[PDB]
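All chains are identified by letter, namely A, B, C, D, E, F, G, H and I, in their written order; residue positions are counted from 1 within each chain.
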């Protein structure tokens, strides 16, 4: 029935289907390094007639130091990004400083929680890996769900084939990870999740923060990841 | 800020001076008071220059939206019938003396709107501070059904009479013809007599007593 | 009230996508010096004047739109499209960017899915136009998402209609050469072989304002 | 398959059900009648509800209402729902009197009452009205005109019309005599003869005539003119 | 009125205020009043103005910061705290008067000890000294004579003794009692002294 | 109002523009409470706004203008040109028509491979005074117009422009009383910016 | 800015000057003090020309939205003017309403600052220059007249109201109203001597 | 079975709005037709004057309603829905004057009506308006304009169109009647469009309705130039045009 | 409103045995001069009660229309002759209209006098809205009320509003008798308004005398 009604088991229905609706969406990888947080993506290819060179709809920008990698309904994702950009700017307008991500996910999971509680509207079939840098506790990487129960992490692989890709980060991840070593680490889990051995490079997109006291937050071009893809060939950080 | 307006045999010629002010000083020697409502209709207003910005741009896009809704070119009596609906509610808030008019299905009209809300058709008018000086030479040399060249020199003399005989005026004089084909944004009589040329002094480069140089090379 | 489903997909959205899969075919192809769009105008008789019923409307002096669904909805979304091309033009004196415009219409379509007691839009848009960052040709989905296409079709039987574009398209095609590859994707694609001034074609016309090609103008290209 | 539930549901045949049932609702209630005459517009209203109460006052249950001195209104159907339309009728006259300082004409009131009844049909939550309204008047220069408003708008000008539980019966009795040029004082005796055909000798039929050159304003039943009823011929 | 003397050192911030509670133009309701609004996150807000408006704004900004200090386990940054209360003053200006004057002081590891001045209007700015009320016209100058860099925290108490004593001699209303809110090394003592 | 004075002057060289502003924020009219209140802000890497007037709106309009720019800035990968930004200030001030926003902003920055000067003035209501030459607004606009009239060459060098704007501000600030000490000039080239703080008269 | 309304034996006439002075200056010379409403009634207003154009706009909107409510060829006359009074629930402006009617033959009656109770009027006159000819009209006006008698009467009336007034118009306008609705805008230009 | 046509804002699996589809059948079930045709500098609407399926005054029942003095229109379908649509048009066309000064255009009136119609479609506020009509009227360009709107949103516009229960048996006849004047003689325009278009309009109605078409059961209206009034042609002229078939 | 721009003169209401006598001139002065000299002020509000004015005539329509409307609403529910709105009801209602305006600042300057017959022992159970011998009343069935612009309300045996309060009432407080004849009442007002012709600057002739008897509401027009 509607989202307002419960179930005899204690769970819900609309928020339970949304948790499964994101399982049929492309994967995204999160990863905290010793230099800055990095993200992964999977451009689902409906055809070869997309631009494939200027845009990508799996990783967006929230602020100059906060960025998320969305995974789920691409249509409903644009609303929360248009809603998180306001909270990331209304905090600046009210406190003259950057907003900590710990105070951003709370501000954004409440907008999801408010939908699965009243109004009689459908929930948000979206879940994303939102990370950033802050002066209070350094780099961080949070993860929201359609219910709102956010939680901090070090590496997450939501989308399709989560349990397999998350297991890769259980062993291959290390506490100390450089920026270049972290990219190669996140490159293999992004490729083996799609049951392939090498990315076609006209696929997956990556992003990285690495605050150099100014939070550069550079994204990646189709030519910049070629050098990263070539480094995977020689040094294979295999499935295992 | 003398703005003259008249109607020729087939088009309407507007004209004004490019010199705003603050009361005791000159704001700038070049500030085109004319505007662009559409292709076949132009505008020029006097009074406070601040309120004229959100009355021209507001009318430019609202006419453009109505132009895209239908297929024909907009008509001059529609826009004037829209400012009064907003100017009445801002009777002591919005103050402007606007003169506009162009070619349409009817003849080349030229409406003159008052700040309180009054507006009526006029074949020739002058609005601004030195508007009296502009209307003075206008009423003595205004024939009916004049050519474009016959109206070009008239509006040039109408503004030039409002240039010397008035303090709140000056600078160059720009005019515009609003014929059905296209428009013109010409700036004739840009007073090149040059009674006296300046002498700018490029100061030498010793230093300027600077205690801190926090130079940055951001790309 | 268009709720979810146990399979994890909106059922009203999937039903809305079937409506655009059974309407007149719309087709847009970008080029290196402009973007072109086309639509098979199914003329039922000679009573309907062509200058009234159209499938190519304007948003500004540089933005073109194409419809592909419910004809009754061909105006309400247009009114809010032109309104957004004015609200951006009032504050910002320059022209409205296509990416800034398509993200607002996609947000308008989105709000007609989550709101209770409403019906999703029964159409697919094709926004195209000259931009300061090159050319663009976007496609809006009734679900609310948008794609940054290069050459696509959204009308009836597009699974095989796009096949002409997957094999007869190059990255560097001029706008005049792309017209015949678009007409071929309409005449040689399915029925409607009597293409004699029954196709509306809009072009960006190499950075000039949006031009709706007339019937006799298309006749010069309809001879091949 | 049960499509006549709400009012906003259209039947697959094309008809609008849930509003056609109201005609079957007014067909079981008491009837009303009116007709054109060369001297005025005589009205009529039979209250065939004698077999159950028999305790009401003789001249209490009146179903003749007037918005002002020259326009009469009757009901046929749910008497409770018709009170709301009279409230919207008198308020329509008073609103028209404030804005125009004159009596509201007939062809502009009927078009405003029919809009009010039709407006409640379009809603998905408000139930439609269940009362057919007869609106008539009699001009001094022009002759009279009777407008009949049934549920789901349809304002129609008539010359004599009956609505109630015997609309297919009294309609045949009016077409016999040309009432357009007779009188009012004789038609009132003819009206009482019709009721006896189709059910007792009771004074449960209260009715007034708008014009008998009695300043051309809505009068009452005038009991003295009603008591010499030709109860046999 | 009342004086609100504030001085920012390099490793400490001191705040001074009058402990008088002027009711009308004649009587003093109470000596040793409460003008400070201590915050848990090493921030000491100090208001100045009419006792009525000086109270509500002191509490509307104290609980609104303690709420923020609990909605996140962190403490509010001093740079953010000063610009926050400035926004509330600008917000409470087009509707209500709020004739108050404040001195915002705090401490944070990201920028050291800070101090922020304000006005009846929103005139927030980071300074090193400064005062308020009518007493500012006699104490904003003495601070410039004894403001050498690298001041020890014990030096400022001697500056105020060289400043309060001047207020006792050349001011219209000779304020005798004074309250000091020293903020040396994450400790906020209160060395309130007279004369 | 004549309260908490200040001035902002923008110059336009050959391919590099420059701005300058005082720093003496005054409590009352004839008072000095701070000498470190810059009146120029980095709205973008190619847009620099200079505010002048009451401090209750200099900080408020800067927070609003940053919130409106930073929100619009992330909706496109590229930056914000001055053309679309200068028209925004005329809209924010007009939206706040019968509002007390007492500011006289100055918008400078490159118009854009190429680079143009693009200086612009405004009023308290929002009249976009376009000027391809020098620009000024503040409480000391009277002593700056004539000052920047007989000392302004059309096209100047990067370092030569700084000397012109230096004497243009140090002569006007010494002539006015409320716009006190401090002059954080800001010369900027397409690849380098220069933030110099002159040594004005501390009186 | 005088306005004179004289009734006929069958129809009615209106008269007005065209000056609309704006602070001892003529900014809209040869304007229209009189205004059209329909084929059977006109409205000539004076006084404050600020809110004058709005009331003429609202009346024109409420007349078209009312004439189509009856049928295609029937307005009403008294109904429209009392609606103009209700629009004064301020905007200081004196108005004159006159025209032919389907019920009565002709009708002309003023609307003062706030109350339109001047029905069955015969020589309604208002404006600034109306104070100078209130007695001249009371003498030369008989009960019943002809078309040329009233035309020659109001010609001198507007002339005398302009010969001694700073708000004297330029070309005067005279509007007729009859059963057939002649309505010829007879414009006269001669002035007093 | 319980198919997907209960509400109005719920799509079907194939993607068809059945509440709209049933509303069009309501117009086809009222068995009232009307013909509209635009020729050179003129356009006419032919009614039928029939009760939407004794003592009824036939001068009152009609299917022609003037929205303004320049723009007239016809109405068909349910009598309740067609009356409210005129009031939602008269209050809109007159609103255009108060909000824009100029008189409303014929093409803008139909598009503004369809905007309000589309709003009731996406929202489940009210029931659809089971009606249709032919908006007629000349514009400022001195050209006649005709526009037809279905219960859904439509601003088609035709040079000759039929509305009513017989739209599936008239396009084959109106095309021939239009061809009987376009590719035929077409000599000149002597401002005798009434004797040229209305005569070639009433003839179209007689080819649709097999009756004798009594003059006291038909009323037309012209909005041609030199008239500009949406005048209902008198009874004597209607009976005079009926004899021109011989 | 603000300021009595179009004032009025004063009326005089006196009761006697056959009925209520009221009188008023037709001068409607525009402040300093007689603009309108043929206006009516004695307004008929029922078949048994009437009401007069003074003060601004323009602020009387907002009270006349708000009163004649109530009469038609009451007439539409006349199920008995006793359901007619008695003068006690109209006078108390008018006072409520002035009291709610007094709570605001706009008072609608008027000094309304309401007079009528407060009984139902004389058959009038038939109303002729759009158009023999007299009787004797017990002086308690005749209601004459006064209403000030401040909302002051009461009822007495002889009321005089406006400027004649200082002239008419003085001559009428000692010359008034009980059960005056018809010729006695009209000769009392005729000799009374004569005093109001040489002293009041805003007054004239055309005394529209209106009598309310047990048979109707008559009208007369002398000229003194």
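Quick note on the criterion: contacts are C-beta pairs under 8 Å (C-beta built on N, C-alpha and C of every residue); 3 or more make two chains touch, one makes a residue touch a chain.
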Centroid-based (C-alpha) most distant chain relative to chain H: E
Comparison of G-H and D-H by number of C-beta pairs in contact, larger one: D-H
Separation of chain E from chain H, taking each centre as the mean of its C-alpha atoms, in whole Å: 79
Length of the line joining the C-alpha centres of chain E and chain F, rounded to whole Å: 32
Inter-chain centre distance, chain B versus chain E - centres from mean C-alpha coordinates, in Å: 55
Centroid distance [mean C-alpha coordinates] between chain C and chain B, Å: 41
Multi-partner residues of chain B (at least 2 other chains): 69, 81
Residues of chain E whose C-beta touches two or more other chains: 83, 87
Chain D, residues touching no fewer than two other chains: 98, 101, 111
Touching residues (chain side chain C, partner chain B) in the complex: 51, 58-59, 82-83, 86, 89-90, 93
Chain F contact footprint on chain B (complex, rising order): 20, 22, 24-28, 30-31, 48-54, 93, 198, 200-205, 208-219
Of chain H, residues touching chain D in the complex: 1-3, 5-6, 8, 18-19, 22-23, 25-26, 28-29, 51-52, 54-57, 59-61, 78-81, 83-84, 87, 124-130
Parts of chain B lying in touch with chain G, wherever the complex brings them together: 81, 84, 88, 91, 112, 114, 116-120, 122, 125, 132
Complex contact set, residues of chain I against chain D: 65, 69, 72-73, 75-76, 79, 126-131
